[PDB]
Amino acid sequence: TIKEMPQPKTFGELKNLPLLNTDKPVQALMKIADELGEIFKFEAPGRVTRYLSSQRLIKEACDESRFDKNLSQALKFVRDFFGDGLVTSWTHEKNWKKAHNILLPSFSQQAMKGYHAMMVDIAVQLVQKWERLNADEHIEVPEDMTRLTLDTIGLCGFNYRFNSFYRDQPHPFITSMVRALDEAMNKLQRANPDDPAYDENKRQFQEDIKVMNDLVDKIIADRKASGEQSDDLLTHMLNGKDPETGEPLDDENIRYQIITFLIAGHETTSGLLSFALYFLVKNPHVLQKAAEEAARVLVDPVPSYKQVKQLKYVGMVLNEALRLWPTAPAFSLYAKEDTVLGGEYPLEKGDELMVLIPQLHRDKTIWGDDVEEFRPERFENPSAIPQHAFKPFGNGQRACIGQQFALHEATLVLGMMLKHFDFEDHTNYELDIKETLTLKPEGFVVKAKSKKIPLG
């Protein structure tokens, strides 16, 4: 029977908006979902979203005959930067399907086998950094994972070396992007955007845009000028033709894809590796099991592609980390036509739904009562997981194109970490989840005692 949709508390003309006046809006939305259940309406001035949290409703929203990928408010905002790249394009935009067809071969098994050696290059730099620490020095986990994941996408994707392990501070490209996005957001909150007090902000913004454009120019120019032509993501961007049309990407779209992939390729994976290490050091029985697997499988000085595929329990650790804290914590959908969701909630054409992935992943009707515990064995039998219960990589044709890249990199790196070191949660770290568009365990630190096993 038709039901009235719960809605949290309203503040006059501001509606629900100031419930998100917090540095942890996703964690706030989870608490609302705890109070109101599987679906709730959330209104801001001029905007309406419905937040879904149950597998039963999310399964229906994932029916692509009824619902398509929506560009949420955050996606429409970052579209100013990522244009009609794969992430920030509508499914019905010609450049989506075209780039999808051209770039999908960059994530084939053959391509993955080709990325493996370059992933090992960066993973070795990570291990060697930690091997080289003096006594009593600790590791800043998310910081080092970010160094790794940035360098991995740069190298595997574009043959560009960020050399993040040679720097104290983040690469200027990252700093520029962060500061440009922060400025663009601050702009929207300024009562008087033409106040001369903001002149320096505007000048800084142009400089930051130029840092980003200079890197994209260099990545393209160095490839075109090189004697080596390689076979990577950039190769397909520059040369690949859409089989449906015979056309290659145009120059403008290529530039959007490059920055799209540089950003997509690193920060969500960095958080995954950080959360996985967090859970491991908090669950010493799981850590021992994972470490036993790493020692038994990784019998050569550097892992091979096939050995990474054999790290089954490491893979389950990573899925269980993505269950609890999926590092892209939502994706957005809209109703293609008028329709009724769950036989209970009528929707008009165009209505937006937000999939609240952390809350999906805590649906007790699917996972049982222990949803807050870290138990990788939940994934021991993959056929037992109902479809649409586990969605850290989105849905359908708009699912993450890089999912296998991310997981292969993370499995490789976590395996090598577990082979080469014993880890200590020397501060008894208290989980504090810092939110941007992603999630990270802020201030997570550990010590790594080397097992003195040499690399190749």
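Residue numbers here begin at 1 and follow the sequence given.
- Comparing 212-220 with 225-233, the higher mean C-alpha B-factor in the PDB entry belongs to 225-233.
- Checked against the record, the higher mean CA B factor of 395-403 and 47-55 lies with 47-55.
- For the set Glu348, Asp121, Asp144, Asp151, the PDB entry assigns the largest Cα B-factor to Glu348.
- Highest CA B-factor among the listed residues (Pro105, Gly157, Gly85, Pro326): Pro105.
- Residue-level temperature factors show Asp422 in the middle third of its chain, judged at the C-alpha atom.
- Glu430: CA B factor lies in the middle third for its chain, per the PDB record.
- When the modelled residues of the chain are ordered by their C-alpha B factor, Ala330 lands in the lowest third.
- For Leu437, the recorded CA B-factor ranks within the middle third of the chain. Only modelled residues enter the ranking.
- For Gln257, the recorded CA temperature factor ranks within the lowest third of the chain's modelled residues.
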